[PDB]
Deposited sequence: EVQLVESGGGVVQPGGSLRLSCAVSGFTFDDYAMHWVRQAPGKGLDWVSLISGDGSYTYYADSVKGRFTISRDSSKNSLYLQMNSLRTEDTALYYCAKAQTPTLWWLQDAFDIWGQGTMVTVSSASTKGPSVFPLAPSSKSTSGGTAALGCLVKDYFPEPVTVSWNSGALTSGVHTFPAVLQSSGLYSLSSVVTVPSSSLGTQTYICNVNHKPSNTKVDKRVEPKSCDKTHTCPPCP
């Protein structure tokens, strides 16, 4: 089977360089043109660059021309993307894609095998652990509560409730990127209105990049 394993991604300053790698297996590498396709968080597919089997022909999208360079190494069965002068718009998941037709030409083809992605995040923010704040429930059958995971960088954060024991009715939302460059997400659960006070709810927040673990108890408001 054909395998497109991708590596290189990380967090990089605006203006910095970064190199990407894609190690292939399962087909004669030199017979197929290779492609890079990136997908910004929450958005569609955006083609970036191609290189023919020879490496004789390369083409780049206008957004990356002049600062990205694509190459391949026949002996290492690997594809590369050297990125320079990076900028926040370049923040996307970068896929390694294989043309299905074994040709030394580049057009009129499809992408039959895609690798799973290496994440590139271009930001000037420094690594920061989240602050976890309680969303205390208020005073009709069911009640809603949760915690707010605010001002952390970079992605991701995992949230659980009661060390994994509370799962039904949990809704952990995708994080949003604030103007400050730090992410915020909320995690909520719906619990019976009769269980408050006697039953305790703890939300377990983990942010491995800052290596931060917070267990926060969401208690009803004192009022």
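Going by the record, the unmodelled stretches of the deposited sequence, in order, are 140-143, 228-237.
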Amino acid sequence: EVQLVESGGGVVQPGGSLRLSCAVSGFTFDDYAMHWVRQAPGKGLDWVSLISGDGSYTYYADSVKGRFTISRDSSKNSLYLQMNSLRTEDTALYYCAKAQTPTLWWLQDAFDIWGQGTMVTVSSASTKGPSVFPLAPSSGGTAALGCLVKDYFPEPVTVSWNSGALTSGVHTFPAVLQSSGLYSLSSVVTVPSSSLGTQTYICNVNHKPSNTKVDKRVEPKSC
From here on, numbers count along this sequence of modelled residues.
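Taking the mean C-alpha B-factor of each stretch as recorded, 186-194 and 173-181 are not equal, and the higher mean is that of 186-194.
The PDB entry reports B-factors from which the mean C-alpha value can be compared for 140-148 and 78-86; the larger average falls on 140-148. Out of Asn162, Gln39, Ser52, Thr69, the entry records its largest CA B-factor for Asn162. For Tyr32, the recorded CA temperature factor ranks within the middle third of the chain's modelled residues.
Sort the modelled residues of the chain by CA B factor and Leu107 lands in the lowest third. Sort the modelled residues of the chain by CA B factor and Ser124 lands in the highest third.
In the deposited entry, the Cα temperature factor of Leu135 places it in the highest third of its chain's modelled residues.
For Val12, the recorded CA B-factor ranks within the highest third of the chain. Only modelled residues enter the ranking.
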